[PDB]
Amino acid sequence: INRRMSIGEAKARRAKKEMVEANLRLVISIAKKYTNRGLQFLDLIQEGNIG
DNA sequence: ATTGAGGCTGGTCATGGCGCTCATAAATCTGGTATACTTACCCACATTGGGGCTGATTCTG
């Protein structure tokens, strides 16, 4: 049971990582429009990645 | 140098606005979820150090 659920968790983590790497572009595109509101572009894109 | 009274040393009785403590409560402060589709920003000097030559002593075919 332990290693089966470990394999399942690893598969889920891989799929989620793939989704995040695919949608990084959308994150950047959304974060483009808040670059002049007292926050850095890198901070904005990191918050977008978290979201 | 005594004994007859005033001024002044001991404690009575609460008294009274102040401060710490309890409790109520609406305003203030935090966390949370939204499903038509949106995918790569915007000057002049002096000195030391790194990298590319430049021979110049060692070895070679």
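Below, all heavy atoms of this structure are taken into account, side chains as well, without hydrogens, waters or symmetry copies. In the text below, chain A, chain B and the rest are named by the order of the sequence lines, each starting its count at 1.
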Handout entry: Protein-nucleotide distance (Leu44(A), atom CG; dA40(B), atom P), rounded to Å
Key = 16 Å

Problem - Separation of atom CD1 in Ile30(A) from atom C1' in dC41(B), rounded to whole Å - result: 16 Å

Practice task
Sign of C1'-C2'-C3'-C4' decides it: give me the sugar pucker of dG16(B), north or south.
Solution key: south

Problem - Between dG32(B) (P) and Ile50(A) (CD1): distance, integer Å - result: 14 Å

Handout entry: Pair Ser6(A)-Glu9(A), side-chain contact (heavy atoms from CB on, under 4.5 Å): steps then yes or no
Key = CA-CA 5 Å; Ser6(A) 84; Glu9(A) 198 151 0; 5.7 Å; no

Problem - Nearest-angstrom distance from the residue atom CG of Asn23(A) to P of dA40(B) - result: 12 Å

Practice task
Decide if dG7(B) and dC8(B), neighbours in the strand, stack by the rule of centres under 5.5 Å and planes under 30 degrees.
Solution key: no

Handout entry: Test side-chain contact (heavy atoms from CB on, under 4.5 Å) applied to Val20(A) and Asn49(A), step by step
Key = CA-CA 8 Å; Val20(A) 169; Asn49(A) 294 330; 5.7 Å; no

Exercise for the section: May I ask you to classify the sugar pucker of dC22(B) as north or south from its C1'-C2'-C3'-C4' sign? Expected result: south

Fill in the blank from the handout: So CZ of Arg13(A) and NZ of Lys17(A): to nearest 0.5 Å the spacing works out to 11.0 Å

Fill in the blank from the handout: On the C1'-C2'-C3'-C4' criterion (positive north, negative south), the furanose of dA34(B) is south

Exercise for the section: Please indicate yes or no: do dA23(B) and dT24(B) satisfy both the under-5.5 Å centre distance and the under-30° plane angle for their six-membered base rings? Expected result: yes

Handout entry: For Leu44(A) against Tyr34(A), the heavy-atom pair lying closest together
Key = CD1-O, 3.2 Å

Exercise for the section: Rounded to the nearest angstrom, tell me the gap between atom CG in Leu26(A) and atom P in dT39(B). Expected result: 8 Å

Problem - Spacing between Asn36(A) atom CG and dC41(B) atom P, to the nearest angstrom - result: 15 Å

Problem - Nucleotide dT9(B): sugar north or south according to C1'-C2'-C3'-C4' - result: north

Practice task
Taking all non-hydrogen atoms of both residues into account, name the closest pair between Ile45(A) and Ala31(A) and its distance.
Solution key: CG2-CB, 3.9 Å

Completion exercise
Between CG of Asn49(A) and P of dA40(B) the distance, given in whole Å, is 14 Å

Practice task
Sign of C1'-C2'-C3'-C4' decides it: give me the sugar pucker of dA36(B), north or south.
Solution key: north

Exercise for the section: Specify the separation, in whole Å, of atom CZ of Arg25(A) and atom P of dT38(B). Expected result: 14 Å

